[PDB]
There are 2 protein chains.
Amino acid sequence: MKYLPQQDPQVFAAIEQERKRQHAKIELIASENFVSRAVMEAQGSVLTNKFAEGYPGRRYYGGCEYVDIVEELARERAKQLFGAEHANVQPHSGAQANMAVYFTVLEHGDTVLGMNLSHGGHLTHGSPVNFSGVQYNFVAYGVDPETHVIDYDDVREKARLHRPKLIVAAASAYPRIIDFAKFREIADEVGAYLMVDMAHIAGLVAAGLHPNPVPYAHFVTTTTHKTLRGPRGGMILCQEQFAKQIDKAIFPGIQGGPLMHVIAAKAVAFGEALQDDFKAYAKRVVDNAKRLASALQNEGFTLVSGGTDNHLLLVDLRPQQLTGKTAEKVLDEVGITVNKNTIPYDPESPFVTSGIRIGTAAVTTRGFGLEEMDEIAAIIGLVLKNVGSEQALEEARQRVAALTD
Amino acid sequence: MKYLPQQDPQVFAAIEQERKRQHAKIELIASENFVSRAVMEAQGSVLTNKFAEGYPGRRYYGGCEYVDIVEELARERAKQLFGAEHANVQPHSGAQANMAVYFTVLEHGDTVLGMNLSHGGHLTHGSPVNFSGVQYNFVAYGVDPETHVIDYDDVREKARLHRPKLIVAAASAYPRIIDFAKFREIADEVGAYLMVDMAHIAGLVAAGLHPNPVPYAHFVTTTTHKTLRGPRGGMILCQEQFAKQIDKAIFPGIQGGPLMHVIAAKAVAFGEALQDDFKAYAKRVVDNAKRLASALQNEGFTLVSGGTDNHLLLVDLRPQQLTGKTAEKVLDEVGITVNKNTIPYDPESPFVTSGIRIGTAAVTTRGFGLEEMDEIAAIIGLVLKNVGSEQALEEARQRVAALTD
Ligand SMILES: *Cc1c(COP(=O)(O)O)cnc(C)c1O
Ligand SMILES: *Cc1c(COP(=O)(O)O)cnc(C)c1O
C-alpha cells in the first residue's frame, strides 16, 4: 500500500495486524478462504466511483459502456462455470441473493420448506430472528438421528403435509453430498419451486466434485466467496424463464446501485475458477477434508455422519465431554481458528453446542496437504485431550507455528 | 496494478477504459464522486478474507480482534462527524440501511409517509416496484406546484389523514434545504417515528452546510458514497434507545457477514471528512452549485425551485421544448454526463421526463471552480440550443476536452 499508511495510520495499523494474523493462524472456519492479489486489485479499483443501476445495455445512467463489459464478463463466465441459463452477479451478499429469490416467487406469509437450522440449515433458511422466518412461514426437514444424512422421506412428508410454495436445499454445516434430483422430485410432487443455496459448496460444484444443482433447481443462489474463492458477495443462477423476474427482484426490488468493483472481482474469481489449476485445488480441498476426517477419527474423535463428502466436517464432542464453546476457546489459545457448531439433535443451545465445524478450503489455498492434515488432527487431539495443561497448549502453539512457518 | 493485468487481461482492459472515461468526461450526475487512493486501497485489502458476523467484541466467529478495531474506528468517527448516539456501519448499501430501519419499526402493511417519488423522493421511499411499496403502505407528500419547495402543510395533512407509523424525509432530487424540525413536529403530532435519509446531502451535513437531521430524527440513514465521498455502502445513525434493535435488524435480521474491507474504507472516508480540507471542499461544492445554477439561468434555463441550497439543481426543460431524455442523450454525445429526471408535476413519464439533474460534487473533487461552472453552463447552453447542429456539438466536445485537459 502507498497512500493508506500516510492518510490513515490507525486504519493501516489494524489492517497490517489482520494481514499478519491471517498468515500466523491455522484457519479452519469452513466458509473462509484467501483470495488472489488480482481479485483484491479489482476490488481496489476506480469502479467504486460508478453508479450503474439497471443491467448491461439497459442501465438507468449513461457512461456504463465499460462497467457493462465487466458485468457481462462476470455473467458469461458464471454461465460457463455452472451451465446456468441466466446469471445475476449484482447481489451484495449471499443473504441478498436469497432475499431476491424469496421476493421473486413468494408472498408475505407463504410456506417455505428448508433444512433444520440445528441440522445444518442457514440463518436465511427460516430463522425466526432473520427476515426469512419473520416474512415467510418456514417449516423444516431433518437429518436421520444416526446417519446424520438428510432424511428424504422426511423432506417428502413435510412437503406433502405443509404444501410449501418453495423448497430450499443446501446448508452451511452439512458434510455430505446433497441429492438435488430427489429434492426436485419432491418439489415436482407438491408443485413447489426448488431453490438450492450452494454457497458453501460452489467451488466444489465448479470443479465437478459435487453434483451441480443447476439442472434440477429453478433457482440457485450462492456467495462468490467461500469454496469458490472470490470476493465477498452474492449471485443468483436460474432458468431463462425466471431471468426477467430475478433481475427485477434484485433491481429495483431489493437493491440500489450494484458494487461494480466487486463485480469486477467476481469476474476475476470466475476466470480463476475456469482454469485447470482451480480444479486441482478443489480436488485437494476434498482430499484434505477426507484425510483430516480420517486423521481426527484416528485421534479418537467422533464425526457427524461418520466423515465427509465435501470441504467440511463436524466433530461431535460429546464423547470427550466437551462443548463446542470450550473447544473453540481452547483452540483459539493455540492459534487454530474453528467455530462451535450445533450437531444434529444437539442437547446444548446454539450458543454453547456439542460440536466444532472444520473446513479445509483456506489451508488448502495456502498449500497444505495430507501430511499437514495429519498434523492438524494430531494438534487438535493434543489440545482437546489436555485442556487443563498449559504445557500441552504451549506445545500445540509451537506445532501450529511450525505449520504456518 | 501489478497482478490483475497478467491474471485477467479482459477485466483489466475494461477497468482501464473506465479509468480513462472518468478523467475524460464531465461528471455531473449529482450522486457521483471520486474517492481517494487511500479509500480504494482499504477496499483492495485482505479484509475481504474475514468472516465477522456480529459486532465488535460480540462476534460469532473468533479472530476478529483487528477487524473490530477497524469497525469501531468507523463507528466512532461517524459519531464524531454527525453527533449521533449510535452508528451501524455494516449496511451493504443505502437501500439496505433503509431496509433495516423499516424492518426495525414496521410490520408488513404498516402505513409510511414519504416524499412523492416524482417530486424528489427515492425509490426505497415507497416505489410500487421496490420492496418498500410492496411491503408497506406508502403515502406521499408533495412540493408546491410553483415554488417546488416541500409543502409542510401537505406533509401535516397527509400525516393526520393517513396516520403513518413512520414518516420519511429526504430526497435524491430535491435542490433545497429540508426542514427537519418541521418534520419532527409533524411526526410528534401524529405519534410517528421520523426517519431521515440523508444519502445525497451527507457530506454537506458533515461540513455544517446543511442542517443536521440527527438531533430531530429517531433514525438517520445514508450512503457512505455520494457527497460524503466514501466507498459504496450504507450506514444507520440513531438514538441509543434504538441501538440494540437497529443492530439486530442489520444482523441477524437482513444481512449476513459484513464487508470488512468496505468498512475499513468507510473509516478512511470518515477520517477524511473530519479534516478541515473536507469542510473547504464541501463549501466549494455548494458555491459551485450556486454559481452553476446562476450561470444556467444566465443562459436562459429555468431551474426547479428557482435555484439551489445544496450540491444539486434540476433544469426544467419545458421552455426549450426538450425532454430530459433528449437532453441527456445529446449531452452524452459531447462528453457531459447528466441524467434525465422528472420535475415536480412532470407531464412526461419517468422514462422520458421534462428535466435533467445536475450536481457539482464530482467536478469539485477534481478541482473545478466558479470559472469552470460558467463554462459548463455556457457549453450546456450551446448544446441544448443547437441540438441539430453537428458543428455546435463538435465545438462543445472541444470545450469539454479543454476542461478535462
Ligand atoms: C454464507 C452463506 C450465506 C450468506 O452469505 P453472506 O454473504 O454472508 O450474506 C447464505 N447461505 C449459505 C448456505 C451460506 O453459507
Ligand atoms: C443513492 C440513495 C439510496 C440508495 O443507496 P444504494 O447504495 O444505491 O442502495 C437511498 N436513498 C437515497 C436518498 C439515495 O440517494
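Residues numbered from 1 in each chain as written, not as in the entry; some residues may be left out. Chains lettered and ligands numbered in written order. Heavy atoms only, no water.

- Looking up chain A in the PDB entry gives the name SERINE HYDROXYMETHYLTRANSFERASE, with the organism given as Geobacillus stearothermophilus.
- UniProt's Cofactor (unreviewed entry) comment on chain A is quoted here verbatim: "pyridoxal 5'-phosphate".
- The Sequence similarities (unreviewed entry) field of the UniProt record for chain A holds the comment "Belongs to the SHMT family." (UniProt positions renumbered as here; feature names shortened; annotations may be inferred.)

What to know about the packing of aromatic side chains
Residues and elements named next belong to chain A.
- Under the definition given, this model contains 22 aromatic pairs over all chains.
- An aromatic cluster is built from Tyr-102, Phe-131, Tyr-136 and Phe-138, whose rings are joined through pairwise contacts.
- Between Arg-229 and the ring centre of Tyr-281, over which it is positioned, the NZ or CZ distance is 3.9 Å. (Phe/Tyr/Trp six-rings, centres within 6.5 Å; stacked < 30°, edge-to-face > 60°. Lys NZ or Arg CZ within 6 Å of the ring centre and 35° of its normal.)

Structural notes on the interface of chain A and chain B
- Contacts between the two partners involve 78 residues from chain A and, on the opposite side, 78 residues from chain B.
- A combined buried area of about 7,200 Å² lies between chain A and chain B, and 59% of that area is made up of carbon and sulfur atoms.
- One can count four salt bridges joining chain A with chain B.
- The partner of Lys-50 of chain B in a salt bridge is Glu-32 of chain A, with the nearest N and O atoms 4.0 Å apart.
- There are 38 residue pairs in polar contact connecting chain A and chain B.
- At the level of secondary structure, the elements contributing two or more residues to the side of chain A that touches chain B comprise α1 (4-7), α2 (9-24), α3 (37-43), α4 (65-82), α5 (94-105), α6 (131-135), α10 (240-254) and α11 (260-274) of chain A.
- Sort the elements by how many residues they give to the side of chain A that touches chain B and α2 of chain A lands first, with nine residues.
- Residue composition of the side of chain A that touches chain B, by class: 40 nonpolar, 24 polar and 14 charged. (Contact = heavy atoms within 4.5 Å. Buried area = accessible area lost by both parts, 1.4 Å probe. Salt bridge = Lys/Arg side-chain N within 4 Å of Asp/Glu carboxyl O. Polar contact = N/O pair within 3.5 Å; in protein donor to acceptor, adjacent residues only side chain to side chain. Helix = DSSP H or I, 4+ residues; strand = E, 2+ residues; numbered from the N terminus. Nonpolar A, V, L, I, M, F, W, Y, C, P; charged D, E, K, R; others polar.)

Some words on the pairing of strand β7 (residues 166-169) of chain A
All names here are of chain A.
- Both faces of β7 are covered, namely the face carrying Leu-166 and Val-168 and the face carrying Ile-167 and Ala-169.
- The pairing of strand β5 (residues 111-115) with β7 spans two bridges and is classified as parallel. Counted as the bridge partner of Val-112 is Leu-166 from β7.
- Alignment of β7 against strand β8 (residues 193-197), held across four bridges, turns out to be parallel. Bridge pairing in β8 places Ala-169 opposite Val-196.
- One crossover worth recording links β7 to the parallel β8 by way of helix α8 (residues 180-190), and it is right-handed. (Buried < 20%, exposed > 50% of the residue type's maximum accessible area, 1.4 Å probe, protein only. Pairing = 2+ DSSP bridges. Right-handed = clockwise from strand over helix to strand, strands pointing away.)

Considerations on the relation of the copies chain A and chain B
- Turning chain A through 180° and shifting it by 0.0 Å along the axis lays it on chain B, with an RMSD of 0.0 Å. The two molecules are tied by a two-fold rotation axis, judged by turn and shift. Minimal C-alpha distance to the rotation axis in chain A is attained by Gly-44 of chain A, lying at 1.8 Å.
- A shared binding surface is used by both copies, with 100% of the interface residues of chain A retained as interface residues in chain B. (Least-squares fit on C-alpha atoms.)

Considerations on the sheet that holds strand β15 (residues 355-359) of chain B
Residue and element names in this part refer to chain B.
- Strand order in the open sheet formed by four strands is β11-β12-β15-β14, and the pairing between neighbours is antiparallel. If you trace the sheet from one side to the other, it starts and ends with β11 (302-303) and β14 (339-340), each paired once.
- With five bridges connecting them, strand β12 (residues 312-316) and β15 associate as antiparallel partners. Paired with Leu-314 across the two strands is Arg-357, which belongs to β15.
- Where helix α12 (residues 276-298) meets the sheet, it contacts β11, β12 and β15, and its direction lies at approximately 15° from that of β12. (Axes fitted to C-alpha atoms, helices over the stretch in contact; angles between N-to-C directions.)

Re the sheet that holds strand β8 (residues 193-197) of chain B
All names here are of chain B.
- One open sheet accounts for seven strands, arranged β4-β10-β9-β8-β7-β5-β6; its pairing is mixed. Only two strands of the sheet have a single neighbouring strand rather than two, namely β4 (86-88) and β6 (137-141). Within the sheet, the average angular offset between the axes of one strand and its neighbour, ignoring direction, is 20°.
- With respect to the sheet, helix α4 (residues 65-82) is in contact with β4 and β10 (234-238), its orientation differing from that of β4 by roughly 125°.

What about the pattern of salt bridges?
All names here are of chain A.
- Counted by the stated rule, this structure contains 42 salt bridges over all chains.
- Here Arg-399 makes a salt bridge to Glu-375, at a shortest N to O gap of 2.8 Å. Here the residue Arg-399 occupies a position in helix α16 (residues 390-404), and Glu-375 occupies one in helix α15 (residues 370-384), the gap between them amounting to 24 residues.
- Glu-375 sits in the partly exposed class, given a relative accessible area of 23%.
- Connected through shared salt-bridge partners, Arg-59, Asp-68 and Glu-71 make up one network.

Overview of the domain arrangement of chain A
Residue and element names in this part refer to chain A.
- Splitting chain A by domain gives domain 1 (1-32 + 284-405) and domain 2 (33-283).
- Here the C-alpha centre of domain 2 lies 26 Å away from the C-alpha centre of domain 1.
- Contact with domain 1, which involves 31 residues of that partner, is made by 28 residues of domain 2.
- Inspection of the domain 1/domain 2 interface yields one salt bridge.
- For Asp-309, the salt bridge is made with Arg-176, and the minimal N-O distance between the two is 2.8 Å.
- Contributing elements (two or more residues each) for the side of domain 1 that touches domain 2: α12 (276-298), β12 (312-316) and α14 (361-365). (Domains from an automatic or database assignment.)

A word on the site of ligand 2
- In the vicinity of ligand 2 there are 15 residues, among which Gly-94, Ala-95, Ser-172, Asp-197 and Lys-226 of chain B approach most closely.
- More than one chain approaches ligand 2, the contributing ones being chains A and B.
- At a separation of 2.9 Å, an oxygen atom of ligand 2 approaches a polar side-chain atom of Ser-172 of chain B.
- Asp-197 of chain B has a polar side-chain atom sitting 2.6 Å from a nitrogen atom of ligand 2.
- Taking 380 Å² as the accessible area of ligand 2 by itself, protein coverage stands at 98%.
- Ranked by the residues each element gives to the shell around ligand 2, the list is headed by helix α5 (residues 94-105) of chain B, at three residues.
- Classifying every residue of the shell around ligand 2 gives three nonpolar, 10 polar and two charged. (Near = heavy atom within 4 Å. Areas by Shrake-Rupley, 256 points an atom, 1.4 Å probe, with all protein chains shown as cover.)

A short note on the packing of α11 of chain A against α12 of chain A
All names here are of chain A.
- Contact pair α11 / α12: the axes reach a minimum separation of 5 Å and the direction vectors enclose 80°. As far as their axial angle goes, α12 and α11 are roughly perpendicular. Here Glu-272, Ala-273 and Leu-274 of α11 lie close against α12, whose contacting residues are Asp-276, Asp-277, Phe-278 and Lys-279.
- Class assignment of the residues belonging to the contact of α11 with α12 gives a composition of three nonpolar, no polar and four charged. (Parallel < 35°, antiparallel > 145°, perpendicular 65-115°, else oblique.)

Side note on the site of ligand 1
- As a structural note, the neighbourhood of ligand 1 is formed by 15 residues, with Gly-94, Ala-95, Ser-172, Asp-197 and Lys-226 of chain A the closest of them.
- Of the chains in the model, those with residues near ligand 1 are chains A and B.
- Taking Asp-197 of chain A, its side chain carries an N or O atom lying 2.6 Å from a nitrogen atom of ligand 1.
- Examining the composition of the shell around ligand 1, we find that three residues originate from one element, α5 of chain A, more than from any other.
- Its residues placed into classes, the shell around ligand 1 shows three nonpolar, 10 polar and two charged.

Things to note about the side chain of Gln-135 of chain B
- Following the sequence through the fold, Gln-135 of chain B ends up in helix α6 (residues 131-135).
- Given a relative accessible area of 15%, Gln-135 of chain B falls into the buried group.
- Of the polar contacts made by the side chain of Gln-135 of chain B, one reaches the side chain of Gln-135 of chain A; its length is 2.9 Å.
- Dropping the residues within four chain positions of it, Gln-135 of chain B is found in contact with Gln-135 of chain A together with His-108 and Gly-109 of chain B.

Brief notes about the nonpolar core
- The biggest cluster of nonpolar side chains holds 148 residues, and the ones touching the most others in it are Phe-82 of chain A together with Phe-82 of chain B.
- Discounting chain neighbours no more than four positions away, the residues touching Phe-82 of chain B are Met-198, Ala-202, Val-205, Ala-206, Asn-212, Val-214, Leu-228, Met-235 and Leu-237 of chain B.
- With 48 residues, the next largest nonpolar core counts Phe-219, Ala-249 and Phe-251 of chain A together with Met-99 of chain B among its residues. (Core = buried A, V, L, I, M, F, W, Y, C linked by side-chain atoms within 4.5 Å.)

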